[PDB]
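Here the structure is laid out as structure tokens; the discussion comes afterwards.
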Amino acid sequence: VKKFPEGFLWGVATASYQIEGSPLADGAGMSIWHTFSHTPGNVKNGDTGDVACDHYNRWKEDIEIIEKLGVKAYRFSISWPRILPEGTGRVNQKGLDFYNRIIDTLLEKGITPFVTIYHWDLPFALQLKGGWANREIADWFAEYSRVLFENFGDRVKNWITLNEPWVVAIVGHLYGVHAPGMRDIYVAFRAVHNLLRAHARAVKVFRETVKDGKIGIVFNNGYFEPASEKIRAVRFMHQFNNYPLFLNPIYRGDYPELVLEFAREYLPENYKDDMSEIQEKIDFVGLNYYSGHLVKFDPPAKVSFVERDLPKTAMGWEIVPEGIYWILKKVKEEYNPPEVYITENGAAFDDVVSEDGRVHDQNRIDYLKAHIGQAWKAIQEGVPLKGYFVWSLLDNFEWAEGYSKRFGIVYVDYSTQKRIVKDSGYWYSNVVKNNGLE
Ligand SMILES: CCCCCCCCNC(=S)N1[C@@H]2OC[C@H]1[C@@H](O)[C@H](O)[C@H]2O
Ligand SMILES: [Ca+2]
């Protein structure tokens, strides 16, 4: 048996644009994912978030699912342009009303809300003004965050400023694969820096507004292993792609060494002037983790991936459970944050509904079990892991892959919007009830 600490938080996670649909309902402004997905060529099969899981209408049902599974926490994100349709200035009460009902329902049902303030759906109005490239977003983001805190801080006590700011910056502004779909390395590194400044301003405002809650920030992480003896390229990928790109500034007041070696020229000339403010104290670190990568030096960023003959998900991501134990050990050893959460872990598989009406995703069960086992290990060795969140409650719009990738522990038939709890969801409910494995 692998039992977790008393009060360990077992949750599931979603993001607004991925599940809600109705992007322009009730006075909402367009987001950059609306405009990006409505641009031909950007998303597989021309898929958009227009309907998604119709959570905008089916939210009560979905929460009743969380309740019925006995899941203890729900991580969800708020659509900035539902709240402030122009990004700043006007506040939309119908947008606040939508999330107020969700929050009150969760609380009524004894489920702990964890709110992600930003999971990628920037108001389009702000993108016209340069979005994450513009220093002024530290102010726009603080004003947005202040509204959320003033309206919801009486009830929501667990907050996340940013989801995966590496993805936002690099995949959105260097690779151009995500909104706003740009390819400029100087813009990408100014977005990294402004994400940090905006994150810190929001925490500063939080201390002024919600004297009783906690706030943190969520990073994507891979487990990079070297293709031989010879490991520095592993060092670069860790410092660039993982929590250190952001935590080195927050805890130590500068970017990591190998990031500055690669990217100094792309950062603002006087970027250190902002570092003292970037060090605003945070309460926890959220780590997302899915995949391991075999890496070797290669004379683009002087790194290339080397395919491995390992079990993979429908994303083509290699399944390396020890990765989640490594990243938890590593974060304690490098920055020693006071709390850590695993804010996303999960897998995409080609799920099918059997003739028996059930989804027999033993592949997803095996994936979740192994990773929860490794998380358990990290705890035994002193990592202050307070919770673990499955990505995702529901199959949903998987960004540039559209609906072709299913991460839910609940199956969604998009022709009907029927939800079918998968075997993995049933399995997870039992883990939560037992507070651990076997
Ligand atoms: C190239 C395809 C672009 C979008 C397809 C997926 C690639 C990026 N996916 C990433 S980085 N994801 C993280 O966890 C699962 C998946 C996404 O569903 C979630 O919002 C993120 O927090
Ligand atoms: Ca549309």
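Order of listing sets the numbers, starting from 1, for every ligand and every atom in it. Residue indices begin at 1 and follow the sequence shown.
The CH2 atom of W159 sits 12.0 Å away from atom CZ of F114, with the distance rounded to the nearest 0.5 Å.
The contact set between ligand 1 and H178, taken as ligand atoms under 4.0 Å from a residue heavy atom, comprises 3 (C), 4 (C), 8 (C). Distances below 4.0 Å separate heavy atoms of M315 from the following atoms of ligand 1: 6 (C). Less than 4.0 angstrom separates some heavy atom of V177 from each of these atoms of ligand 1: 1 (C). Of all the atoms in ligand 1, the ones that sit under 4.0 Å from a non-hydrogen atom of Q18 are 17 (C), 18 (O), 19 (C), 20 (O).
In terms of protein heavy atoms, atom 15 (C) of ligand 1 is closest to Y290 OH, 3.2 Å. Nearest protein heavy-atom contact of atom 11 (S) of ligand 1 is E164 OE1, 3.1 Å. Protein heavy atom nearest atom 12 (N) of ligand 1, with residue, atom name and distance: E398 OE2, 4.0 Å. For atom 4 (C) of ligand 1, the nearest protein heavy atom (residue, atom name, distance) is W399 CB, 3.0 Å. Closest protein heavy atom to atom 22 (O) of ligand 1: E344 OE1, 2.6 Å.
Judged purely by distance below 3.5 Å, without hydrogens or angles, the side chains of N163 and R75 pair a donor atom with an acceptor atom. At a cut-off of 3.5 Å, with distance as the only test, a side-chain donor of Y335 or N248 sits close to an acceptor on the other residue. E307 and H293 share no donor-acceptor pair across their side chains, judged by distance under 3.5 Å alone. Side-chain contact of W10 with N435: a donor-acceptor pair under 3.5 Å is present, judged by distance alone. Looking at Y56 and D26, their side chains do bring a donor and an acceptor atom within 3.5 Å of each other.
With sequence neighbours excluded, the residues that form a side chain to side chain donor-acceptor pair (under 3.5 Å) with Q93 are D97. In this structure, the side chain to side chain donor-acceptor pair (under 3.5 Å) partners of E164, at least two apart in sequence or on a different chain, are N288.
Rounded to the nearest 10 degrees, the angle OD2 (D50) to the Ca ion (ligand 2) to NE2 (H38) equals 120°.
A salt bridge links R308 to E225: one of the charged nitrogens lies within less than 4.0 Å of a carboxylate oxygen.
Neither the backbone nor the side chain of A15 comes within contact range of ligand 1; no heavy atom lies under 4.0 Å. The side chain of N163, and not its backbone, has at least one atom closer than 4.0 Å to an atom of ligand 1 (non-hydrogen atoms only; side chain from C-beta on).
Residue contacts with ligand 1: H119 is placed with a nitrogen or oxygen under 3.5 Å of a nitrogen or oxygen of the ligand (distance criterion only). The shortest N or O to N or O distance between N396 and ligand 1 is not under 3.5 Å.
Within the 3.0 Å limit, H34 places no N, O or S atom next to the Ca ion (ligand 2).
In this structure, the side chain of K422 engages the main chain of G408 through a donor-acceptor pair within 3.5 Å.
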